[PDB]
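See below for the structure under consideration.
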Amino acid sequence: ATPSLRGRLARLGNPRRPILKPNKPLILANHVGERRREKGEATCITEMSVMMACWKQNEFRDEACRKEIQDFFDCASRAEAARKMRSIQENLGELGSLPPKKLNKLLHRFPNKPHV
Amino acid sequence: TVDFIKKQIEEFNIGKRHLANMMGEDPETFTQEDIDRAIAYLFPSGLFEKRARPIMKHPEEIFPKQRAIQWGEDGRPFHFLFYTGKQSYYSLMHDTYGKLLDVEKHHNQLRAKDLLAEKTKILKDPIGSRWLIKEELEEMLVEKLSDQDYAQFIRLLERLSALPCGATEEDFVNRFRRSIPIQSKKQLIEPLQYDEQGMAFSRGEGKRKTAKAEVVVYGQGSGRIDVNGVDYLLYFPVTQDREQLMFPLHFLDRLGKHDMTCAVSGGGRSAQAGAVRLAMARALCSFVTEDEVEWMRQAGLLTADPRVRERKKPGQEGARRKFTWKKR
Amino acid sequence: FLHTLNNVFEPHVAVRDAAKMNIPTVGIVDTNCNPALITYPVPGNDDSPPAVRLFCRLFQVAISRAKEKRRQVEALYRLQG
Amino acid sequence: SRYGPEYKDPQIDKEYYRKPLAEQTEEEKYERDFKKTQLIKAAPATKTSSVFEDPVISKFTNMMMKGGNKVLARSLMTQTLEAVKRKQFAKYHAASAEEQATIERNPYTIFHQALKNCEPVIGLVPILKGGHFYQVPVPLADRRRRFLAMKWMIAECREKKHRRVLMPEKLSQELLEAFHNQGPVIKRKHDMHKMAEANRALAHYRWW
Amino acid sequence: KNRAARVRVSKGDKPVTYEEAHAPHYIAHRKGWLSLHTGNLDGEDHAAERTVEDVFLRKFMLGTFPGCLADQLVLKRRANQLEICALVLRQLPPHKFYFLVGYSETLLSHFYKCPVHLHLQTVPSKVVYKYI
RNA sequence: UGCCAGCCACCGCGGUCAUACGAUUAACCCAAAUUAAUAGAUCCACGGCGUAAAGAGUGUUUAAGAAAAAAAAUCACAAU
RNA sequence: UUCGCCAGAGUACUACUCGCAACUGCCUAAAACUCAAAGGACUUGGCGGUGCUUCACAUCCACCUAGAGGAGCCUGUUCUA
RNA sequence: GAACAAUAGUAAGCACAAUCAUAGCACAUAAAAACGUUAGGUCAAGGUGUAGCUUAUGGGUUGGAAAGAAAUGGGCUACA
Ligand SMILES: [Mg+2]
Ligand SMILES: [Mg+2]
Ligand SMILES: [Mg+2]
Ligand SMILES: [Mg+2]
Ligand SMILES: [Mg+2]
Ligand SMILES: [Mg+2]
Ligand SMILES: [Mg+2]
Ligand SMILES: [Mg+2]
Ligand SMILES: [Mg+2]
Ligand SMILES: [Mg+2]
Ligand SMILES: [Mg+2]
Ligand SMILES: [Mg+2]
Ligand SMILES: [Mg+2]
Ligand SMILES: [Mg+2]
Ligand SMILES: [Mg+2]
Ligand SMILES: [Mg+2]
Ligand SMILES: [Mg+2]
Ligand SMILES: [Mg+2]
Ligand SMILES: [Mg+2]
Ligand SMILES: [Mg+2]
Ligand SMILES: [Mg+2]
Ligand SMILES: [Mg+2]
Ligand SMILES: [Mg+2]
Ligand SMILES: [Mg+2]
Ligand SMILES: [Mg+2]
Ligand SMILES: [Mg+2]
Ligand SMILES: [Mg+2]
Ligand SMILES: [Mg+2]
Ligand SMILES: [Mg+2]
Ligand SMILES: [Mg+2]
Ligand SMILES: [Mg+2]
Ligand SMILES: [Mg+2]
């Protein structure tokens, strides 16, 4: 259910005092907005820290710990593959919804009437 | 502009008669092919652009197609779609859609009579069939079109062909077919050659970067290579070049079995090695099986190397390198 | 006009421009149409198939009938002299 | 780019073309290769069908080359491989049966192993934040790492030798010292690793 | 912007000859050479002489037939004789045209010490390739 | 002549091609008058008050006015 | 139906008055003088150390290679002459 | 002054594009690139408007044009 609009805006007829002051008029627009691209954060940081502990302990000889090196590598590979392959599928599939282009077209087929 | 076309055809025929007379040929057996040679010889214009050179041709080919008159003398437009502004295109769309509906009806009656008697003619792919381009369609309706227009129409033809195809339907969609010409990249095998009681020698010619190379290979010989009358170890002191010469033979495992003579000119040492490489490769294609030819091509043995020195450009230094740019 | 609207639900341009051009206009105006600029409006349903098929058939027959009557009366006028 | 994007890179491998009949998906694949009427770039002069050429040795050769001299750089590489070889043949005959079982005489395997040991795990990128440039730990691609190894080798055995000393000498030295992990190159690798631990907190500034 | 030998686009009314509608980069591609002579070929001599001669001929002809010159001159030189060929507007009575033909041919023949031919082609109005 | 000298009711003019200054030629307009200066005559709102000048921070009454036809005072919630 | 207000802009939520538990106060509220505008809304640009998307292919960052900036010369500027 | 499951735009022309060149394609490169912007550059290429000189601001002859306190640009050769 949509929040009530009755009595809310400041109008010549309205008895009471405003509840909303809308910054820009509340009229459904004929297009939607474009999806905000996800803010990235560092990847692999945990495996990095584990490897760094392994080094600090074993005095930075690489032969000593081959597991944490190899696993940090494995992880960086999974973050590269992630960056490449996730871009396209996140840019197409919205799951249950439609890509904003299709939504815009659909909304131009049945637009809002402010006028008349 | 109709009187024009009539006149132009009159004078093209009178003229073709005249021309045939001076060139001293039979006016009946005179072709366009002959008209061309005749002008080319009479009005010899070197100009690089071929469209700017002298032309005498049948006015139908010279002049562009004309939209015919669209209405009678009373003002009533002949075609019922006239007011659309594109009659040609929307008629096409109309009849196409009509044939689609027709197909749907007929095939539904045949669904109720327990008959699917048709087949899918939609695979012409071995014929190398494609749709018309927008340009072609635009020429067939004598009318300008839009990209979305062309798109619409094509999509509709697709809808059509995706159903059971009638005879008149197949014939209909096939005006809009073209066939893409021959696609095969298979090479042309040099016929093997037998010379002066000597058996089995083949020839090939490489070109790389200012170096030309002609290589004759004998199948009947042992392994050695004579380049410009000397041994290949002497002519190509650098290992890298000897390896280049080795590449195609080692690839075909012919390394001991053939005996070659070469003439290479121009370029430096590496360019000559490259040239002989290519030529040798092209010569050994006579001796080998048709499959290994495809292999050599897929190893990049048979393609000339297009990379060549670029021209220095005025106001720069090196054909790319720029004179030092001072900001302030 | 068999439908006075365009697929974006505003009035079809041709209405304003036929008016603009002094051309008289017949049209089937559904319940949500604006009849004002239409010379002879006929209120009724434009959306359902038997309706549109009906109106098509009617205007068809009227036209054909008229063109006939004109042919026949022309023939009569030709035999008059 | 005297080749249109239409042109595929050639596959030089002989083994691939010689023994096709046992693989379905690859038969289908190179079927689609040639039958696509696909254009092929002409095989480069550097690369050969030779059973003897190591792409890593060739890369290194190239990174050593100054000006246009392949002849000179291929010389120096050849001489260096020969020098490692003879240095290990020297170390072999002055040794005892145990160490004669242990010591490696293949200069190729020595080259490779010495590079694998010298390649960095982690790296540093400068990142500007709040008007300051922090050095931040960054995971590296494989190629970047191999590159860093080779470039560090060559930079050291160009820079730090005494002018009397020739290149294949110093290079064979450093190859063998990096084989056993005690080389200055390896110390550089460690300086990087330590600078990367010192800054590990800053690993948060990396947004990718 | 290159300006050389160009006729700039006006409001779209401007009549333009086939010659004037083609910028220098089209020479030998679309339009051809307004002169022909041996001098500029590889192993040949006295290019300079023929150039000056040319310049004087264009100037001279332009002044001798005021207002009636349609397009720039065509100068063909063959085995010591020069055939000048011109496009001329019909302005003068054929009396004046023949007077000037004869006058010119003789005058220039005695000036340049070689036989000079003059060929007039007559045109109603400047032939128009473009705009207009 | 050259942002000088000067001009103008208002807008503005004069920086080297000034119909705007100064003089000449031509013209225009008034005319025994013609310009300038100053006073008048005339001229503001029966118009307006969200954003331009203007609804007075709030309510009650006084004085003064309007009543011009039909009815009403009153129930969840954070008055004081 | 009423009432309260408003007669260019500045000067000016100011100067003088009256009143006020206010004493650097509130209220009320001019003129000389200066200007030929001052204002209101919009329009198209341009711009924005504004936000959101998309990019840069020798190109900004990340990165690669060779140089310049230091030396001697060569040649051009600026000065000084 | 657009929306193509189309809502007011058609438009010739010039640019872009295409073609031409680099001796076969292709690619690359070359060439091309309108209208305008910077009162950008050039009265010393030549030509010219306006304004200036005319026994000179014109035409000739002979000889002189130096130079490095300093600052700097671009190059060459290097430092092996
Ligand atoms: Mg209340
Ligand atoms: Mg607001
Ligand atoms: Mg260079
Ligand atoms: Mg309806
Ligand atoms: Mg005056
Ligand atoms: Mg004056
Ligand atoms: Mg005046
Ligand atoms: Mg005056
Ligand atoms: Mg009087
Ligand atoms: Mg106000
Ligand atoms: Mg209020
Ligand atoms: Mg107040
Ligand atoms: Mg007023
Ligand atoms: Mg005032
Ligand atoms: Mg206050
Ligand atoms: Mg006060
Ligand atoms: Mg007072
Ligand atoms: Mg750069
Ligand atoms: Mg240098
Ligand atoms: Mg330097
Ligand atoms: Mg320097
Ligand atoms: Mg100077
Ligand atoms: Mg147009
Ligand atoms: Mg070409
Ligand atoms: Mg191209
Ligand atoms: Mg260019
Ligand atoms: Mg172009
Ligand atoms: Mg200037
Ligand atoms: Mg200047
Ligand atoms: Mg001058
Ligand atoms: Mg200097
Ligand atoms: Mg320079």
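Counting neighbours? That spans all protein chains shown, and the Cβs are built from the backbone with ideal geometry, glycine included. Values quoted throughout were computed directly from the atomic coordinates according to the rules given, and no laboratory measurement underlies them.
Things to note:
- Only one of B:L47, B:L81, B:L19, B:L42 that is touching a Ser or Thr at 6+ places or on another chain (Cβ under 9 Å) and without any contact (Cβ under 8 Å) to a residue 40 or more places away in the chain: B:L81
- Qualifying residue in segment B:76-91 (condition: more than 23 Å from B:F153 (Cα to Cα), surrounded by 10 or more Cβ atoms within 10 Å (Cβ to Cβ) and among the hydrophobic types (A, V, I, L, M, F, W, C)): yes
- Lone qualifier among B:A117, B:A52 - being among the small types (G, A, S) and over 19 Å from B:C165 (Cβ atoms): B:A52
- At least 2 residues being closer than 30 Å to B:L116 by Cβ is the threshold, and among the helices (runs of 4 or more DSSP H) wholly inside segment B:132-241 those reaching it are B:147-161, B:167-173.
- Of all residues in segment B:219-242 being over 16 Å from B:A283 (Cβ atoms) and crowded, with 21+ Cβ neighbours inside 10 Å, the one that is nearest to the chain's Cα centre (by Cα): B:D241
- Pairs are defined by a Cβ separation below 7 Å, a sequence spacing of at least 6 or placement on different chains, a first member in segment D:183-194 that is farther than 18 Å from D:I154 by Cα, and a second member that is part of a helix (DSSP H, G or I); the pairs so defined are D:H193/A:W55.
- Some residue of segment B:200-214 being surrounded by 12 or more Cβ atoms within 10 Å (Cβ to Cβ) and either of a type in the set (F, W, Y) or free of Cβ contacts under 8 Å to residues at least 24 places away in the same chain (or both): yes
- Scanning segment B:21-54 for residues that are out of contact with any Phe, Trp or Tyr (no Cβ under 9 Å at 6 or more places or on another chain), more than 14 Å from chain E (Cβ to nearest Cβ) and not in a helix (DSSP H, G or I) yields B:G24, B:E25, B:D26, B:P27, B:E28, B:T29, B:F30, B:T31.
- All positions within segment D:145-190 that are within 14 Å of another protein chain (Cβ to nearest Cβ), small (G, A, S) and more than 20 Å from D:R86 (Cβ to Cβ): D:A149
- Among the residues making up segment C:2-14, a single one is away from chain A (no Cβ under 14 Å), within 20 Å of C:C56 (Cα to Cα) and not in a loop (DSSP other than H, G, I, E, B): C:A14.
- A:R78 being touching a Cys at 6+ places or on another chain (Cβ under 9 Å) and either of a type in the set (K, R) or away from chain D (no Cβ under 11 Å) (or both): yes
- Number of positions in segment D:154-167 that are in contact (Cβ under 8 Å) with a residue 40 or more places away in the chain and buried (at least 19 other Cβ atoms within 10 Å of the Cβ): 1
- Only one of the numbered conditions (1) part of a helix (DSSP H, G or I); (2) more than 12 Å from chain B (Cβ to nearest Cβ) is not met by D:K66, and that is (1).
- All conditions in (1) over 30 Å from B:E290 (Cα atoms); (2) within 14 Å of chain D (Cβ to nearest Cβ) hold for B:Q187, with the sole exception of (1).
- Wholly within segment D:87-185, helices (runs of 4 or more DSSP H) carrying at least 2 residues that are touching a strand residue (DSSP E or B) at 6+ places or on another chain (Cβ under 9 Å): D:142-159
- Taken residue by residue, segment B:292-306 has at least one member that is within 12 Å of chain D (Cβ to nearest Cβ), within 16 Å of RNA strand H (Cβ to nearest atom), in a helix (DSSP H, G or I) and within 32 Å of the chain's Cα centre (by Cα).
- A search for C-beta distances below 6 Å between a residue of segment D:23-51 that is touching a residue at least 40 places away in the same chain (Cβ under 8 Å) and within 8 Å of chain B (Cβ to nearest Cβ) and any residue that is of a type in the set (V, I, T) and surrounded by 14 or more Cβ atoms within 10 Å (Cβ to Cβ), counting only pairs 6+ apart in sequence or on different chains, returns nothing.
- Check on B:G267, within 27 Å of D:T61 (Cα to Cα) and either in contact (Cβ under 8 Å) with a residue 40 or more places away in the chain or surrounded by 16 or more Cβ atoms within 10 Å (Cβ to Cβ) (or both): yes
- Qualifying position, being within 16 Å of RNA strand H (Cβ to nearest atom), surrounded by 11 or more Cβ atoms within 10 Å (Cβ to Cβ), in contact (Cβ under 8 Å) with a residue 24 or more places away in the chain and within 14 Å of another protein chain (Cβ to nearest Cβ), among B:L245, B:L252, B:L278, B:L284: B:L278
- Taken over segment A:48-69, the residue count meeting the criterion of being in a helix (DSSP H, G or I), at the interface with chain D (Cβ under 10 Å from one of its Cβ atoms) and surrounded by fewer than 19 Cβ atoms within 10 Å (Cβ to Cβ) is 4.
- The set of residues in segment D:25-63 being at negative phi and among the hydroxyl-bearing types (S, T, Y) consists of D:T25, D:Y30, D:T46, D:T48, D:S49, D:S50, D:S58, D:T61.
- Qualifying residues in segment C:19-36 (those that are away from chain A (no Cβ under 14 Å) and closer than 26 Å to A:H108 by Cβ) - the one nearest to ligand 1 (Cβ to nearest atom): C:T31
- Residue selected from segment B:132-158 under the condition away from RNA strand H (no atom under 13 Å from the Cβ) and in contact with a helix residue (DSSP H, G or I) (Cβ under 9 Å, 6 or more places away or on another chain), by the criterion farthest from the other protein chains (Cβ to nearest Cβ): B:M140
- Selected residue [without any contact (Cβ under 8 Å) to a residue 40 or more places away in the chain, touching a strand residue (DSSP E or B) at 6+ places or on another chain (Cβ under 8 Å) and within 28 Å of D:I40 (Cβ to Cβ)] from B:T239, B:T303: B:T303
- Any hit, segment D:2-16, residues being in a loop (DSSP other than H, G, I, E, B), within 27 Å of the chain's Cα centre (by Cα), more than 8 Å from every other protein chain (Cβ to nearest Cβ) and farther than 26 Å from B:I182 by Cα: yes
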